[PDB]
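Structural features, examined
Each chain is listed here by its residues.
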Amino acid sequence: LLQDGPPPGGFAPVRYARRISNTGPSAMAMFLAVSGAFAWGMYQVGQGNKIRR
Amino acid sequence: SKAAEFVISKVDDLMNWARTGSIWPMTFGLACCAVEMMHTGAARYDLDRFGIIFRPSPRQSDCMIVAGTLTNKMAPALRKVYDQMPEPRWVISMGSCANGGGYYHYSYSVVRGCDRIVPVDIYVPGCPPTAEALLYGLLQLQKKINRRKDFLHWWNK
Amino acid sequence: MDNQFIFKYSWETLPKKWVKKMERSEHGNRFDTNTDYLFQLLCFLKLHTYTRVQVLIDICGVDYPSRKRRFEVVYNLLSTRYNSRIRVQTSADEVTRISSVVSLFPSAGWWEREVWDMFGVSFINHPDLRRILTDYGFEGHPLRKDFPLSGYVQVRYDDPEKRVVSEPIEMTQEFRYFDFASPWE
Amino acid sequence: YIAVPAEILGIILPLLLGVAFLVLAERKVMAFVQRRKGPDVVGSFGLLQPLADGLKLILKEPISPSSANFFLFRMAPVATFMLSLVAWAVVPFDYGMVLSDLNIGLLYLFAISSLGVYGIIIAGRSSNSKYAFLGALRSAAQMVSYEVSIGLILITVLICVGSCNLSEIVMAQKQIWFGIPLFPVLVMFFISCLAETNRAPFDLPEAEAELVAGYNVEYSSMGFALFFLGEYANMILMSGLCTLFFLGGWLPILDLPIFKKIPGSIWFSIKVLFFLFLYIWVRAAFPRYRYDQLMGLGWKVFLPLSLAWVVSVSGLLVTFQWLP
Amino acid sequence: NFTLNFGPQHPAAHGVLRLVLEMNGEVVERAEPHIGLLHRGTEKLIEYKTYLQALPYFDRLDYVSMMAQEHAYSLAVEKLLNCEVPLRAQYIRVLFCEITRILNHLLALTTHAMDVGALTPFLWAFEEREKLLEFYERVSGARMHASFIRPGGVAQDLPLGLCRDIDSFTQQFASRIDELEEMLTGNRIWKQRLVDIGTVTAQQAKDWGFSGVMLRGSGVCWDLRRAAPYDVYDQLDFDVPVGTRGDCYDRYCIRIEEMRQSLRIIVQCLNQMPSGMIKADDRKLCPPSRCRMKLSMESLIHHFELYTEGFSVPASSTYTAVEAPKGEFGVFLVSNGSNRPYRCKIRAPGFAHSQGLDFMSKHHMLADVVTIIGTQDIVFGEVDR
Amino acid sequence: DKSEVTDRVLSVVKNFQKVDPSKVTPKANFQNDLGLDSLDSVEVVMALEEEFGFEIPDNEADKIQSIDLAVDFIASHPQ
Amino acid sequence: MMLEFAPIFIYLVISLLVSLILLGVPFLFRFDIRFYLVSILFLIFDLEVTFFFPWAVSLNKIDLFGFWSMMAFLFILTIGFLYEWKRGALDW
Amino acid sequence: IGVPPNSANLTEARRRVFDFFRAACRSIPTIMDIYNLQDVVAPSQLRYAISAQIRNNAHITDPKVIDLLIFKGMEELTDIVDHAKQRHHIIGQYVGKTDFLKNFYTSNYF
Amino acid sequence: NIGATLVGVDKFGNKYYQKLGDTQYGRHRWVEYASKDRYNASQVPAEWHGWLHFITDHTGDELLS
Amino acid sequence: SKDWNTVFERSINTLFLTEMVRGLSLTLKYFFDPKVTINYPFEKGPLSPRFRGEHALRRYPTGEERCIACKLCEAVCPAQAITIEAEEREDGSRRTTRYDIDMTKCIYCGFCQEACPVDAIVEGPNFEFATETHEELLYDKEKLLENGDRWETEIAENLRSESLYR
Ligand SMILES: CCCCCCCCCCCCCCCCCCCC(=O)O[C@H](COC(=O)CCCCCCCCCCCCCC)COP(=O)(O)OCCN
Ligand SMILES: CCCCCCCCCCCC(=O)SCCNC(=O)CCNC(=O)[C@H](O)C(C)(C)COP(=O)(O)O
Ligand code: SF4
Ligand code: SF4
Ligand code: SF4
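Residues numbered from 1 in each chain as written, not as in the entry; some residues may be left out. Chains lettered and ligands numbered in written order. Part of a larger assembly, values for the part shown. Heavy atoms only, no water.

As recorded in the entry header, the structure was determined using cryo-EM to a resolution of 3.53 Å.

Written out as structure tokens, the structure reads:
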């Protein structure tokens, strides 16, 4: 007389549709963050080589 | 003999501690009991906590767990696997099919337990044994290892 | 596409002398042929447009140790696009070669060997017919009603020679057969 | 002059203990990723577990098949362990904390790295197993293939520095670390070192019982232990090299605050720890490469790209006369 | 072309799998799996035990979709008996079959991934599978092998505090699926190790009898629980994922979508759960209540004659078929009219999948064979009966 | 030549426990003169191919019913 | 100069002794061709690296002539490597 | 190759029996080479053993039964030749007052 | 070792603790064995066995009545 | 087909391992989260009142053993583990003189538990009974009765609790 079952009104809705987020770094800006860093770093390496010389 | 007894007792204690703190069982899973055996090593029970890392080959493993039924065709393979292991060779008969007959125990192509071959040290009963049951069986095996006076016997002889 | 339509069609379309007998029931539609017009019947049922039976589910086997044709192999079929099931069966014999159907359905290659292994009904024009389930040195066919449940040979390890050797069966506790059969039924 | 073996022992024993504890470190930090704890019952937090493993391997008398050759099957782990340990004689820690101050240090490291291929070739053949021999041969081929990428990246580093001395390279990074300008070269070097030591997504030796089973499938406790020790020492060595070339070996991060006056021997240590953490992270982050695409990748993605990086760095330095 | 002997003795390749194959050095020509190492002998042992004693045989076969296996036997016995089962039992049977489907898909996905090399999602998914094995522990006596489903209805009623826990699990199971999927679908290595591997055409799948995910991975919309719905599935709303290319990647996507649909069906069954009795009442094939057989004479007689003799199925024969997680699982019962089955052949979906390995590994790499084994989800309990 | 190999193919025939050296000739039929069975004949053929490298193919193994034919075939063989 | 190799030799000897005693302690208690091609490719590029080493170190002394004389060598062997690429010696 | 259809008459089965015996004799060096048995037994009396086993069942007249024995013999031969049968089994199968008093002394059931 | 409260004692001396979470399992209730020599791996009595495994909400002291 | 603006993004993404650092960062989110494993010797996993473990022969509160040798359990056991021998005592009532269970054959299916008309045999919640010898697993009558006596205070409570079912 006490069968287990859903509560009066039913359970809450649930999502199952593979929610997609976006936590990626960037799209194109990483190319600049690499290239400008490369140029400035090579300049710094040149200055270091001059000091060592 | 009493003067040189403390040293041999300490050596026995050290060897027993070393052998109990790192057992490398070989997953010789055969049937549904292999599911529970790999399920013990999951994130909930963490079989690795006791230094129970598994091994892929019988050359390095010092223990093996016979999880699952043992048919007639796999009996020679089981014997060959057991032979290749190094000297200690502790064997655990997980499940109810491996530790004597089993739920079949009567069909033509079934070995009535893994005790006709590969002599067993610990019998773990269940179909399939609960993960805690396998953990208790491993603890019992560790307790068995602690009773080995390896150096005392070789020094008395 | 349902049971009755297929029954009418295969009663009309099928050439005679192929189906020895047929049944129509809710359990399943049967086409019992005469162990020789099997390849032809399956080929017709596979290629015909109104009966596009494409997949062979399994090849069964029943041992009746009371009829002259002892064995009875059963071919379960299924038509995917018509969504219908046809169960064709024959009558075999312990010393007789029944034709194989590997050419039509390649999946039958292993059920063929399994039926050979369990019962002993050999087949013609089959590439292998090697034992697939029992031991390499196994003797006899186990699913026959003659074969004892415990079997004929046991397996154990003996120390005089370091290998696993077979031996005559000798059980500690015999299989207790409980005879629950009662009258009034 | 009798104190040289004291230095040698002070190098060897801590390094062997470091390998032993690195095993525990990976087995714990990989378990924490998978909602586990790892070995936490033997010692305080498993800190005694490596000792237990070592003692268990000391015991459990070896099986010693030695079917084909008594010598080579027994000498190969010795050779690979010697090669793993010997390259530490030139790595500088802070300033004078280096065993040998070679002027050809990079060439010596290159020779040692390329010379470890035999340890998995003679060992592979010595075991009478087709699955062991063929897998060991393929692993040797992979290491040999990535050796050239390692060498080309070393040339890229050497162009900026101007000398083969290892201790001089770190002093060349006073202005900035080499990870800033040529970061993609650092990434390529790290991936190649992953492939060189058979670790993370290239470790087909531990591919269970596939086409590759491993060169150490049939080895006793101690031979397998020696191979394991040697290749984890190689892992530590390559992490140290990667953090010594493209990162300051002992130099502070940016020496702006005042607390960066701490000894430089620990900067090297924390950087090596960071790279070891990346090693283990990559291992328990990605699946494996099949051997066919691993070879194609190593020959068509890392050789031309490292060659292009060599050419670009050399041209840029020559054009602006930013040469040492 | 030299020949090497596979056959590892560990569950890191599912165990019990000889698989002798031909090698040109890097490309496999013909692979011959040697099944039979797990031929326990159930099919012979079925005929010696009554219709109730033979139920636990079906849990052992395909021992990861336990309640999806005895369900076929129960349906076959019901069809042979003209037994009508109450609605609540049908709903809970559907719910537990969906739980079996989820368990099988999780285990198959993670075992296949660990075969590839990805070992971290393995423990995550077994952490999530703990929660469902606990549900199995609750309703039945045992975690894994649960003889919950009987020919009449189910063995025992659900505990009071079960549906709340099941819904609480389903609240976060979708997020767990997303977490497991983000590590593999979007990954680069996973794509190059699966795409264009083991491609099967629809004609090949039909010819080789690949009913299941392999059939649906070739573009064939053949779902047995929608084409031939047995329990209350018409009321339930779900979709049938169908692949485009027969490679291993689309089978993986299909399995993920199948897990999604199983979660949806579990939610629907939890919502639409009627009251009433669980065991049948038309025929006498159900035990009397233990609070009833102790004060009634006819009830005690029925209890005695059912737990010794069992119910006698009238003489007939049939082939049932349910949608097991592996594929189509069917039981071919032949009844002699007595209380023991005359012949009970078990159509294992993994048998055909394993035989169809020879043409799938045609001109592939050797390490390309373990992924083909993983993608077809073979357990050797069902293959060797 | 035939004489060199006859002295050796006569020796192997003595091990069949049915053939008496008092009833053997260079012209001696196995089935008729020696009374050998057809199975005994094929065992004799089997003993012949073990004498040397040749296998005595199936097609030509049924035209050596007489000992002289077998001797001629063995002598006139490359192997 | 060469006095920095004596510590290396002694270190090698001590490492050999330790490795020997490590395994001395427990006693107290079918043909393929791609491999050969990739090995030759490694040999060629190993010679490339061997030639690269003197060039990179002595690069400030020689400017715009040594660089181009090395780029010509790189171009020749890049043509060779491209020929290896198309002839199916890199993919399997 | 594929399984031939059953023989129509006994003379067609007789050539099949001879062909099976021929193949068994052709393959007999392989067993002696891959199972490492030279001092225990010589190849010549293996011929006698095979002939005895093939002549014991010589009274069967039915062509179908003879064909089935040939089939089973071929399966056994392929099992032995291939690495299926295991050592000390081929040699196991191959290579007073009165009987009543012995049988009485050993057991009741003889 | 430490937790929210302490739930009863045992004739064998081991003490049973109990912690309460909010929504996730883990660190609910455990046992601190009185002894330390391998603790026999099984020392809980029949009354406290049910409470430890969440079989019953009875403490075990209440299970005696 | 490409527009010189999408090929740039696709080439860059395949060159900077963005889809790999995505998973790399994903794997790290559980590193600092609380763990899930349990200290088994101290805290054990949650069971259910219906758990089927080591068998036990319970007896009446008066002291008489509850088994009446009806042999329903022996006749319903699918594994054929139970062997029973009965005899009329000099008291007059029927009882068991030899009731043993082969724990190696037993599969813990609970058929024997639900076949008793008097609830003589039950499966206790004890899942830790691994032994060292095979002959010890053959549970005779005395060992099984001792098991029933040991777990009576909890077996009876388990039976009373889930008595609303079955
Ligand atoms: C804080 C210190 C941290 C130190 C460590 C740094 C972080 C390391 C983290 C490593 C994590 C990832 C490790 C994964 C291991 C395996 C990854 C290999 C993947 C791979 O090889 O794919 C290749 C592409 O990637 C590649 O090619 C890789 C090389 C990319 C180099 C970048 C070159 C860009 C040049 C831009 C120059 C800019 C300046 C110009 C003036 C080929 O791709 P595929 O074969 O799979 O697909 C079809 C292409 N045909
Ligand atoms: C190591 C090798 C492994 C395999 C070894 C072999 C194992 C299986 C052996 C086969 C066992 C059998 O019985 S299978 C073979 C049994 N079949 C027969 O014996 C045919 C009946 N006999 C006749 O036809 C004639 O009497 C005949 C005697 C032939 C000649 O006499 P004729 O010329 O007047 O015809
Ligand atoms: S004990 Fe049970 S679960 Fe384990 S192999 Fe035997 S039947 Fe399967
Ligand atoms: S069913 Fe219960 S009462 Fe009957 S014989 Fe078995 S244990 Fe005794
Ligand atoms: S649990 Fe099942 S197998 Fe075990 S004794 Fe009871 S009825 Fe028999």
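Take the overall build of chain F next. Of regular secondary structure, chain F possesses three helices and zero strands. Along its sequence from the N terminus, chain F presents helices and strands in the succession α-α-α. The C-alpha atoms of chain F give a radius of gyration of 12 Å, which matches the 12 Å a tight globule of 79 residues would have. In terms of overall dimensions, chain F has C-alpha extents of about 30 × 25 × 20 Å along its principal axes. Taking all 79 residues of chain F together, the buried fraction comes to 39%. (Helix = DSSP H or I, 4+ residues; strand = E, 2+ residues; numbered from the N terminus. Rg over C-alpha atoms; globule rule 2.2 N^0.38 Å. Buried < 20%, exposed > 50% of the residue type's maximum accessible area, 1.4 Å probe, protein only.)

Turning our attention to the overall build of chain H. In terms of regular secondary structure, chain H is built from six helices and zero strands. When the elements of chain H are put in sequence order from the N terminus, they spell out α-α-α-α-α-α. Against the globule reference of 13 Å for 110 residues, chain H gives a C-alpha radius of gyration of 18 Å, more extended than a compact globule. Its C-alpha atoms put chain H at 50 × 40 × 25 Å along the principal axes. The buried share of chain H, taken over its 110 residues, is 33%. Counting only carbon and sulfur atoms, one obtains 55% of the accessible surface of chain H, whose full area is about 7,200 Å². Mean positive and mean negative side-chain charge positions of chain H (13 and 11 charges, respectively) differ by 6 Å. (Areas by Shrake-Rupley, 256 points an atom, 1.4 Å probe, with all protein chains shown as cover. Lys, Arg positive; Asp, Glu negative; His and termini not counted. Charge placed at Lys NZ, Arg CZ, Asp CG, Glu CD.)

Turning our eyes to something else, we now look at the site of ligand 5. Around ligand 5 sit 13 residues in total, of which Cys77(J), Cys106(J), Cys109(J), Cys112(J) and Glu123(J) are the nearest. Among the residues forming the shell around ligand 5, the class breakdown is 10 nonpolar, two polar and one charged. (Near = heavy atom within 4 Å. Nonpolar A, V, L, I, M, F, W, Y, C, P; charged D, E, K, R; others polar.)

Further remarks concern the interface of chain G and chain D. Contacts between the two partners involve 45 residues from chain G and, on the opposite side, 59 residues from chain D. Its largest share of buried area at the contact with chain D, chain G owes to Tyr11(G), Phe42(G) and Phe53(G), together 16% of the area lost on that side. Taken together, the connections running from chain G to chain D amount to zero salt bridges. Those elements giving two or more residues to the side of chain G that touches chain D turn out to be α1 (6-28), α2 (34-57) and α3 (66-86) of chain G. The dominant element in the side of chain G that touches chain D, judged by the number of residues it contributes, is α1(G), at 15 residues. Tallied by class, the residues present in the side of chain G that touches chain D amount to 35 nonpolar, four polar and six charged. (Contact = heavy atoms within 4.5 Å. Buried area = accessible area lost by both parts, 1.4 Å probe. Salt bridge = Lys/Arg side-chain N within 4 Å of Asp/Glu carboxyl O.)

Within the largest apolar cluster, 399 residues are counted, with the highest numbers of intra-cluster contacts made by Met64(B), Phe245(D) and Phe246(D). Contact partners of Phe246(D), with chain neighbours within four places excluded, come to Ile153(D), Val157(D), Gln173(D), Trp177(D), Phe178(D), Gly179(D), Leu182(D), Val185(D), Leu186(D) and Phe189(D). In this structure, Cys33(B), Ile122(B), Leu138(B) and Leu141(B) belong to the second largest nonpolar core, which totals 27 residues. (Core = buried A, V, L, I, M, F, W, Y, C linked by side-chain atoms within 4.5 Å.)

Next up on the list: the sheet that holds strand β8 (residues 364-365) of chain E. Strands pair in a sheet through their backbones, by hydrogen bonds, and they do so in one of two ways: parallel or antiparallel. Residue and element names in this part refer to chain E. Spatial strand order, β1-β2-β3-β8: four strands in an open sheet with antiparallel pairing. The sheet terminates laterally at β1 (3-5) and β8, the two strands that pair on one side only. With three bridges joining them, strand β2 (residues 20-23) and strand β3 (residues 27-32) adopt antiparallel strand pairing. Residue pairing for β3: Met 23 is matched across the bridge by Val 28. (Pairing = 2+ DSSP bridges.)

The subject of this paragraph is the packing of aromatic side chains. Counted under the stated rule, the structure contains 78 aromatic pairs over all chains. The interplanar angle of 65 degrees and the centroid separation of 5.3 Å between the aromatic rings of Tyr9(C) and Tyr50(C) together place this pair among those described as edge-to-face. Note that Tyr9(C) is positioned in helix α1 (residues 3-12) and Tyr50(C) in the loop between α2 (38-47) and β3 (55-59), a separation of 41 residues in sequence. An angle of 70 degrees between the planes, with centres 6.3 Å apart, marks the rings of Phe189(D) and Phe245(D) as edge-to-face. (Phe/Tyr/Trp six-rings, centres within 6.5 Å; stacked < 30°, edge-to-face > 60°.)

Attention now moves to the sheet that holds strand β1 (residues 25-29) of chain B. What the four strands build is an open sheet, ordered β1-β2-β3-β4 (chain B); its pairing is parallel. With partners counted over all chains shown, the strands left at the sheet margins are β1 and β4 (122-123) of chain B, one partner each.

Attention shifts here to the interface of chain J and chain E. Across the contact, 34 residues belong to chain J and 38 residues belong to chain E. Together, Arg50(J), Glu114(J) and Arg166(J) form the three largest contributors to the area buried by chain J at its contact with chain E, with a combined 20%. Summed over the shared surface of chain J and chain E, the number is six salt bridges. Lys29(J) is the salt-bridge partner of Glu179(E), the closest N and O atoms lying 3.2 Å from each other. There are 18 residue pairs in polar contact connecting chain J and chain E. (Polar contact = N/O pair within 3.5 Å; in protein donor to acceptor, adjacent residues only side chain to side chain.)

Between two packed helices, what matters for the description is the angle formed by their axes and the separation of those axes. All names here are of chain E. Contact pair helix α5 (residues 120-139) / helix α6 (residues 163-182): the axes reach a minimum separation of 10 Å and the direction vectors enclose 160 degrees. Taken together, the axes of α5 and α6 lie roughly antiparallel to each other. Relative to α6, the crossing made by α5 is left-handed. Here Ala 125, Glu 128, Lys 131, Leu 132, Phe 135 and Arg 138 of α5 come into contact with α6, specifically with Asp 165, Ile 166, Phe 169, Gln 172, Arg 176 and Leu 180. Grouping the constituent residues of the contact of α5 with α6 by class yields six nonpolar, one polar and five charged. (Axes fitted to C-alpha atoms, helices over the stretch in contact; angles between N-to-C directions. Parallel < 35°, antiparallel > 145°, perpendicular 65-115°, else oblique. Left-handed = near helix turned anticlockwise from the far one by under 90°.)

Here the focus is the environment of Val94(E). All names here are of chain E. In this structure, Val 94 sits in helix α4 (residues 87-116). A relative accessible area of 0% places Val 94 in the buried class. In this view, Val 94 contacts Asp 231, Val 232, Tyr 233, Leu 236, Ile 265 and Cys 269; residues no more than four positions away in its chain are not counted.

Residue and element names in this part refer to chain B. Counting buried positions over the five residues of β1 gives five, a clear majority of the element. The alternating pattern of β1 places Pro 25, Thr 27 and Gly 29 and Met 26 and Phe 28 on opposite faces, both of which are buried. As paired elements, β1 and strand β2 (residues 63-67) share five bridges and run parallel to each other. Residue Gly 29 lies in a different strand from β2, and its bridge partner there is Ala 67.

All names here are of chain E. Here β2 folds back onto β3 in antiparallel fashion, the turn holding three residues, of which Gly 25 has a positive phi close to 120 degrees. Of the pairings in the sheet, the one linking β3 to β8 comprises two bridges and is antiparallel in character. Across the sheet, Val 28 pairs through a bridge with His 364, a residue of β8.

Okay, unusual backbone geometry next. Cis geometry marks the peptide bond from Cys127(B) to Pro128(B); its omega dihedral reads -10 degrees. Phi at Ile56(F) is positive, roughly 55 degrees, even though this residue is not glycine. The residue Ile56(F) is located in the loop between α2 (38-49) and α3 (67-75) in this model. Phi angles above zero are rare outside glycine, and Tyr39(I) is one such case at about 50 degrees. When you line up the elements, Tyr39(I) lands in the loop between β3 (29-32) and α1 (46-52).

For the rest of this paragraph, the subject is the site of ligand 1. Around ligand 1 sit 24 residues, and of these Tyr289(D), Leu297(D), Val301(D), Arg188(E) and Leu15(J) come closest. Surrounding ligand 1 is a set of residues that belongs to chains A, D, E and J. Contact with the protein chains removes 75% of the 1,300 Å² of surface that ligand 1 exposes when unbound. For the shell around ligand 1, the elements supplying multiple residues, two or more each, are α8 (183-196), α10 (265-283) and α12 (303-320) of chain D together with α1 (6-16) of chain J. Examining the composition of the shell around ligand 1, we find that six residues originate from one element, α8(D), more than from any other.

Between its first and last C-alpha atoms helix α1 (residues 5-21) of chain B spans 24 Å; for 17 residues at 1.5 Å apiece the expected length is 24 Å, and the two agree. Where the residues of α1(B) are buried, they touch β3 (90-93), α4 (131-145) and α5 (150-156) of chain B together with α2 (49-58) of chain D. (Expected span 1.5 Å × (residues − 1).)

In this structure, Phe71(D) sits in the loop between α2 and α3 (72-86). For the pair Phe71(D) and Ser126(D), spaced 55 residues apart in sequence, the C-alpha separation works out to 9.2 Å.

It is worth spelling out a nonpolar patch on the surface at this point. Side chains of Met28(A), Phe31(A), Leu32(A), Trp4(J), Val7(J) and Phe8(J) sit close together on the surface and give an oily, nonpolar patch of about 600 Å² of accessible area. Taken together, the elements giving at least two residues each to the nonpolar patch come down to α1 (29-52) of chain A together with α1 of chain J. (Patch = residues over 30% accessible without salt bridge, like charges linked within 9 Å, V, L, I, M, F, W, Y side chains within 5 Å.)

Residues and elements named next belong to chain E. Mapping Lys 362 onto the fold places it in the loop between α14 (357-360) and β8. Residues in contact with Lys 362, not counting those within four places in the same chain, are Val 28 and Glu 29. A polar contact is formed between the side chain of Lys 362 and the backbone oxygen of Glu 29, at a distance of 2.9 Å.

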